[PDB]
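Notes follow the structure.
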Amino acid sequence: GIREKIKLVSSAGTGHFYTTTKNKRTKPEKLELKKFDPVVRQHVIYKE
Amino acid sequence: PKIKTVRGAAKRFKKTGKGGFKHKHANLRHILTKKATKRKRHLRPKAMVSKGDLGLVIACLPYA
Amino acid sequence: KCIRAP
Amino acid sequence: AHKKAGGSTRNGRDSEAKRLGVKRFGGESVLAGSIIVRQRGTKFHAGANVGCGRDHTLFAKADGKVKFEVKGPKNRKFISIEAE
Amino acid sequence: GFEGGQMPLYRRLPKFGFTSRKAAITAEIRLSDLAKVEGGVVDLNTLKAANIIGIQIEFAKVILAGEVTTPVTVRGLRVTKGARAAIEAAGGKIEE
RNA sequence: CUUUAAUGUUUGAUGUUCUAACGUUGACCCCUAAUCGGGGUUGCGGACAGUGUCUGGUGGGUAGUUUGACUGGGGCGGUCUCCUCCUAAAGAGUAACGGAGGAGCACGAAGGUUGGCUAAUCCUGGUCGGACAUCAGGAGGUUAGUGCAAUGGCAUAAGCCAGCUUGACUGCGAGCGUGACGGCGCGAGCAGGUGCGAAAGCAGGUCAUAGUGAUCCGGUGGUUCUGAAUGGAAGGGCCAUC
RNA sequence: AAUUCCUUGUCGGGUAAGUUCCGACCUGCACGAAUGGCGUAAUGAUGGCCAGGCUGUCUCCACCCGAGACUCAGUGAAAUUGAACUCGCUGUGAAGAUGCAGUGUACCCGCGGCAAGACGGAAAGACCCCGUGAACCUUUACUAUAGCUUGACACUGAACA
RNA sequence: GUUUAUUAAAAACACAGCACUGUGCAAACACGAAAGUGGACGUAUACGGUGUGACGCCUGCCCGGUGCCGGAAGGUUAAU
RNA sequence: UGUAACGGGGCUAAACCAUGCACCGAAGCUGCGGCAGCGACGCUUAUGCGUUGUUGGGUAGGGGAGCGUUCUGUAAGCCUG
RNA sequence: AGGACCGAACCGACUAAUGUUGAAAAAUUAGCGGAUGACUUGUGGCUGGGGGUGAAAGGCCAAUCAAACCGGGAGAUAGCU
RNA sequence: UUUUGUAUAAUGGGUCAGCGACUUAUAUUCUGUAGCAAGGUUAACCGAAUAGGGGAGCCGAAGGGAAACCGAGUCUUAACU
RNA sequence: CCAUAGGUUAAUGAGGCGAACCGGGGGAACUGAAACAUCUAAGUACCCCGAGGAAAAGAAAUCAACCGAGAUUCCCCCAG
Ligand SMILES: [K+]
Ligand SMILES: [K+]
Ligand SMILES: [K+]
Ligand SMILES: [K+]
Ligand SMILES: [K+]
Ligand SMILES: [K+]
Ligand SMILES: [K+]
Ligand SMILES: [K+]
Ligand SMILES: [K+]
Ligand SMILES: [K+]
Ligand SMILES: [K+]
Ligand SMILES: [K+]
Ligand SMILES: [K+]
Ligand SMILES: [K+]
Ligand SMILES: [K+]
Ligand SMILES: [K+]
Ligand SMILES: [K+]
Ligand SMILES: [K+]
Ligand SMILES: [K+]
Ligand SMILES: [K+]
Ligand SMILES: [K+]
Ligand SMILES: [K+]
Ligand SMILES: [K+]
Ligand SMILES: [Mg+2]
Ligand SMILES: [Mg+2]
Ligand SMILES: [Mg+2]
Ligand SMILES: [Mg+2]
Ligand SMILES: [Mg+2]
Ligand SMILES: [Mg+2]
Ligand SMILES: [Mg+2]
Ligand SMILES: [Mg+2]
Ligand SMILES: [Mg+2]
Ligand SMILES: [Mg+2]
Ligand SMILES: [Mg+2]
Ligand SMILES: [Mg+2]
Ligand SMILES: [Mg+2]
Ligand SMILES: [Mg+2]
Ligand SMILES: [Mg+2]
Ligand SMILES: [Mg+2]
Ligand SMILES: [Mg+2]
Ligand SMILES: [Mg+2]
Ligand SMILES: [Mg+2]
Ligand SMILES: [Mg+2]
Ligand SMILES: [Mg+2]
Ligand SMILES: [Mg+2]
Ligand SMILES: [Mg+2]
Ligand SMILES: [Mg+2]
Ligand SMILES: [Mg+2]
Ligand SMILES: [Mg+2]
Ligand SMILES: [Mg+2]
Ligand SMILES: [Mg+2]
Ligand SMILES: [Mg+2]
Ligand SMILES: [Mg+2]
Ligand SMILES: [Mg+2]
Ligand SMILES: [Mg+2]
Ligand SMILES: [Mg+2]
Ligand SMILES: [Mg+2]
Ligand SMILES: [Mg+2]
Ligand SMILES: [Mg+2]
Ligand SMILES: [Mg+2]
Ligand SMILES: [Mg+2]
Ligand SMILES: [Mg+2]
Ligand SMILES: [Mg+2]
Ligand SMILES: [Mg+2]
Ligand SMILES: [Mg+2]
Ligand SMILES: [Mg+2]
Ligand SMILES: [Mg+2]
Ligand SMILES: [Mg+2]
Ligand SMILES: [Mg+2]
Ligand SMILES: [Mg+2]
Ligand SMILES: [Mg+2]
Ligand SMILES: [Mg+2]
Ligand SMILES: [Mg+2]
Ligand SMILES: [Mg+2]
Ligand SMILES: [Mg+2]
Ligand SMILES: [Mg+2]
Ligand SMILES: [Mg+2]
Ligand SMILES: [Mg+2]
Ligand SMILES: [Mg+2]
Ligand SMILES: [Mg+2]
């Protein structure tokens, strides 16, 4: 509906990304979460 | 004349050692964000064609 | 004429 | 021949039946993992060697015999696995 | 394949993979074949002459299948771990 | 560099003039005893017109076709997928254009965890203040609450509040459920790395059950897996995703 | 009203009596101005209505003359047809019976007549539905396309502003 | 006058008359891959198309829609 | 259309209720004779007999086993004025 | 004078009856309309099938017409009988 | 014949005789049978020709993986209890 | 004007028919896709031109893969 899809991209130099939705209207600030990067095999900041 | 293979069947099935057929699972092409990782993970490995379907597959692939 | 006409 | 105009119904809908209920009855011998009940709430509650999944499915955590019981101060129905 | 108009099984499932041209020009040789070459040496050429592999085969591999019970030099073929053991056990020489 | 002249140069447009292409269904001559044609000559027109290739518009003039199914005949009306209840005969399942309602989302917290807490309604007293605000006590005992239908659940709360957080993890998966099948569901445990907690532990989204769309074709990122003489590359595969 | 559903509208005329006709009213379901409006002499194998005359149209048929029909001689078709030793009734029954049950009636066989039935004969229902049938027709259905139309380049050149 | 030869002759079609509109002549338009031919050995008092339908009295308002005609500054826009 | 709402005749039981014992009644069961399928068991494997049990209604349809027709060989044989 | 009038030939076809395995695959009988015209008729010619021709009825184009006939693609296809 | 169901008043047949409908080719799979057997078998063609020659090929004795590749294992995954 | 066109005469050749096969110029639709337009049917049917006992093709600006082959045509494989 109103929620858009977004990529959360690894802060490690890998390509790795998670995908999710966001209400861009209500929450304009960028989502940052520590998530597991399986390429480096480490929890690291993801962004977007 | 020689039976013709259904070429679209040949691109989707491969004959295994005991003469079953492996195929790739449906539902992992797109609309992936909303699907759970567990669901997607279990769709990655190839699966065997079921007994009900073997007749249809064999008919399509006479030279498998 | 038509038998059992319209 | 006169035919009266019909009307319509605003009903007609229903959902697929979910195949809930008891899958293994008292005394039945199960392998670990075996679903014992599909349910909507905890109509039944997990007793010994029984897990409760996210949809309130109760399943065997050990191999053994299914055992239904009424226990505790609310007279709730529990399901356990008696290790055999 | 026709199922009455329902999307049939060979269409509701995805295509996968690609076909390797290299696979078509690669062969597997069994230990049972190594005695059939006539000569003792087992090159890619001697296998072709013994009608063991096709004329267009460029690569070949010797694979633990059957038995070898004779000294055989294997020259310029890949050989499996088990096949290597089997050939050397019979007094063979494997040379890349 | 912002504005702006002059010269040179490369172009494009426009307007005149010209004649030599081209036109002539103007005159005259000849082939010729011919209102065809051709040649000649002379006027007129003239790089226009016209034709070829390419190209935008228009185009029932013409053509090929499509224009769903259910249905107490067909049409008209209504419906078509998904969730909840009843019909449903105390396992599952079960039909009708049977009876009733909902969905096509929401949420970076409304998720995880630790710690704590407990409703509605009424009565009595109390500034503004009432039938109903906030305060105090009592009765009551969930008659509340649950992000949104209904059903089943829920106090050890699944309901309410706060702290810290990203397990809304990646790879897998004994074993089961449910499907003709495609598929869908539940899942302890194992490896890696994490959060909360002193710890036992709990966490692979949310009380659960709707919130969805196969394949094809293609897009984006990653990966040398492939790479049509060879090295590359294109394209393809595989993984992620639209 | 070649238009009015309601509707045989209402009022008047004509008739003993008029859902039609004529005149009028206007409540025009749903007239109307060149897909013309209103009128109009003449004309019409044109539609509607009324009179006189006329009559077997009719009350209600009668008789007669001819051609068939009928009989004899000659010639000699046809549609149809599972097989028939082919009755009524009331029931039954794939739901309307010569054929089933029960019962009634009925000696065998022609000829002239009549058409109630044999769901009689005739044409694989035109209606209706269905078929992922057809045709032809329509259009602001889709996709094309002749034609018409636009510009570029070619045939196509010169000189000067 | 004409018409459904063979179930409809009419109120249908035609009609003189009217109007709109196209057409400057190698006319418009039509038949025709074309040449050519009809239009016409005619030339706008002519020719084609369309609607209306002798005659009489007449023919009102609407250009928003769909066509057609005219415009062409600007926006958009093909090949190149 | 004709009795026409016991199938008819007719019935005062030849109706109805109760009790009882007889009998009729089917292609059911039994008897006698015969055929076939399947199983078991022993003869004994050319798979036959033998014994025993049991089964044999059938559309679509599956399975098994045959008859006859014309033509080729066997056949310049055999039958046949 | 006249798409003038009455009315034969001639051209039509309004009504009724008959006929309806006909005398006839459209007629006969009695009446009926036009009958110097937009008339009628002989002979010959031209127009060809998405084509002609049509005072327009989808009429007519050899007893055939919402796309003639003949041959061919051709054993079209037929989830129907 | 078609049907839930036909004496049906549902279909088809006037009768007889003759003819009239599951074929053929090539691929493929399964069953039976025969040969040979970890092998089996040749096509075209050659040929005094149903012989003999011809092993080009094809199927089989190895799989796993999209693939490189590895191989009685392999793929998956950083790695598998 | 020269000339050229044109005219006349002669010589030589062609013309037309015919089964299939063959090369070329044009070229459907039914149908299948369970509808249909891309696609299929199919470069088939059919029309047309031309030839010969055959035609066509043909002597590498061909393949191959670092080794090699050695014009064209036809058959069996490769391979559904
Ligand atoms: K279970
Ligand atoms: K000139
Ligand atoms: K020009
Ligand atoms: K059009
Ligand atoms: K119904
Ligand atoms: K009904
Ligand atoms: K929380
Ligand atoms: K009206
Ligand atoms: K008009
Ligand atoms: K007028
Ligand atoms: K009787
Ligand atoms: K009768
Ligand atoms: K008339
Ligand atoms: K307007
Ligand atoms: K306008
Ligand atoms: K035609
Ligand atoms: K056919
Ligand atoms: K029926
Ligand atoms: K019938
Ligand atoms: K076979
Ligand atoms: K065999
Ligand atoms: K087609
Ligand atoms: K079809
Ligand atoms: Mg993908
Ligand atoms: Mg009625
Ligand atoms: Mg070989
Ligand atoms: Mg059309
Ligand atoms: Mg078609
Ligand atoms: Mg329908
Ligand atoms: Mg139930
Ligand atoms: Mg029950
Ligand atoms: Mg808490
Ligand atoms: Mg929650
Ligand atoms: Mg919820
Ligand atoms: Mg390369
Ligand atoms: Mg290359
Ligand atoms: Mg009325
Ligand atoms: Mg009155
Ligand atoms: Mg009267
Ligand atoms: Mg009146
Ligand atoms: Mg009107
Ligand atoms: Mg007006
Ligand atoms: Mg008028
Ligand atoms: Mg006689
Ligand atoms: Mg009766
Ligand atoms: Mg008689
Ligand atoms: Mg009679
Ligand atoms: Mg009848
Ligand atoms: Mg019929
Ligand atoms: Mg109809
Ligand atoms: Mg007249
Ligand atoms: Mg007629
Ligand atoms: Mg008439
Ligand atoms: Mg008119
Ligand atoms: Mg304009
Ligand atoms: Mg009576
Ligand atoms: Mg018996
Ligand atoms: Mg016996
Ligand atoms: Mg029996
Ligand atoms: Mg039987
Ligand atoms: Mg006259
Ligand atoms: Mg006439
Ligand atoms: Mg007459
Ligand atoms: Mg007259
Ligand atoms: Mg007259
Ligand atoms: Mg009509
Ligand atoms: Mg005719
Ligand atoms: Mg047609
Ligand atoms: Mg064909
Ligand atoms: Mg046919
Ligand atoms: Mg029926
Ligand atoms: Mg019966
Ligand atoms: Mg019958
Ligand atoms: Mg009968
Ligand atoms: Mg029928
Ligand atoms: Mg019959
Ligand atoms: Mg017969
Ligand atoms: Mg010749
Ligand atoms: Mg089709
Ligand atoms: Mg040649």
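In what follows, chains carry the letters A, B, and so on, assigned in the order in which the sequence lines appear, proteins first and then strands, with residues in each chain numbered from 1.
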Looking at [options], which one has an atom nearest to any side-chain atom of [X]?
X: E/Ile55; options: F/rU215, K/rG57, K/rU28; value: K/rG57
X: B/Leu32; options: K/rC69, F/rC172, F/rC242; value: F/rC242
X: E/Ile63; options: F/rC85, K/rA62, L/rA34; value: K/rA62
X: A/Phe36; options: K/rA27, F/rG192, F/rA228; value: F/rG192
X: E/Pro14; options: F/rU215, F/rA214, F/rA158; value: F/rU215
X: A/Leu33; options: F/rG108, F/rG237, F/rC184; value: F/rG108
X: D/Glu16; options: F/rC83, F/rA208, F/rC242; value: F/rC83
X: D/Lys23; options: F/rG177, K/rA62, F/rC181; value: F/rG177

Report yes if a donor N or O on one partner sits less than 3.5 Å from an acceptor N or O on the other, where the partners are the side chain of [X] and the base of [N]; otherwise report no.
X: D/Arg54; N: F/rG204; value: no
X: D/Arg40; N: F/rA208; value: no
X: D/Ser34; N: F/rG177; value: no
X: E/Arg12; N: F/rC181; value: yes
X: E/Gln6; N: F/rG182; value: no
X: B/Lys14; N: K/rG64; value: no
X: D/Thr42; N: F/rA158; value: yes
X: D/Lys3; N: F/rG74; value: yes
X: B/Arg41; N: F/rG171; value: no
X: D/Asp14; N: F/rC86; value: yes

Using OP1 and OP2 only, check whether a side-chain N or O of [X] sits under 4.0 Å from [N].
X: D/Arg76; N: F/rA155; value: yes
X: B/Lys38; N: F/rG204; value: no
X: A/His43; N: F/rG167; value: yes
X: B/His25; N: F/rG183; value: yes
X: A/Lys34; N: F/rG195; value: no

Rounding to an integer number of angstrom, what distance separates [N] and [M] when you compare their [atom1] atoms?
N: F/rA139; M: F/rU156; atom1: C1'; answer: 28 Å
N: L/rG32; M: F/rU65; atom1: P; answer: 13 Å
N: F/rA188; M: F/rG205; atom1: P; answer: 11 Å
N: F/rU209; M: F/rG177; atom1: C1'; answer: 16 Å
N: K/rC59; M: K/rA49; atom1: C1'; answer: 30 Å
N: L/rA45; M: J/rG73; atom1: P; answer: 10 Å
N: F/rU121; M: F/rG104; atom1: P; answer: 30 Å

Do I/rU52 and I/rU51, which sit next to each other in the strand, have six-membered ring centres within less than 5.5 angstrom and planes differing by under 30°?
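Pair I/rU51, I/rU52 comes out stacked.
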Notebook entry, point to check: Checking all strands, does D/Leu31 fall into the base, sugar-phosphate, or nothing category for heavy-atom contacts under 4.0 angstrom?
Noted result: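 Since only primed, P, OP1 and OP2 atoms lie under 4.0 Å of D/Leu31, the category is sugar-phosphate.
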Starting at the 5' end of RNA chain F, which residue's closest nucleotide do you reach first, A/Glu32 or D/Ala60?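 Residue closer to the 5' terminus by nearest nucleotide: A/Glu32.
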Review point. How is the sugar of J/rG58 puckered by the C1'-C2'-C3'-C4' sign, north or south?
Key: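 Torsion sign positive, so north.
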Next item on the list: State whether E/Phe16 and B/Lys11 meet the cation-pi test: NZ (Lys) or CZ (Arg) under 6.0 Å from the six-membered ring centroid, and within 45° of the perpendicular axis.
Entry: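 No; the conditions do not both hold, so B/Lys11 does not lie above the ring face of E/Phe16.
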Quiz item: Between A/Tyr46 and A/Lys7, is there a cation-pi geometry (under 6.0 Å to ring centre, at most 45° from the normal)?
Solution: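 So A/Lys7 doesn't make the cation-pi contact.
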| said: For a quick test of reading the model, state the closest non-hydrogen atom pair linking E/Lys61 to E/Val79 and the distance between them. | reply: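 Closest pair (atom of E/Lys61, atom of E/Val79, distance): CG-N, 4.3 Å.
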Notebook entry, point to check: Can you check the B/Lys34 NZ to F/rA168 P distance for me, whole Å?
Noted result: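 The distance from NZ of B/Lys34 to P of F/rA168 comes to 21 Å, rounded to the nearest Å.
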Q: Could you check which nucleotide pairs with I/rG53 in any of the strands shown, counting Watson-Crick or G-U wobble with both distances under 3.5 Å?
A: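 Partner of I/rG53: I/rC38.
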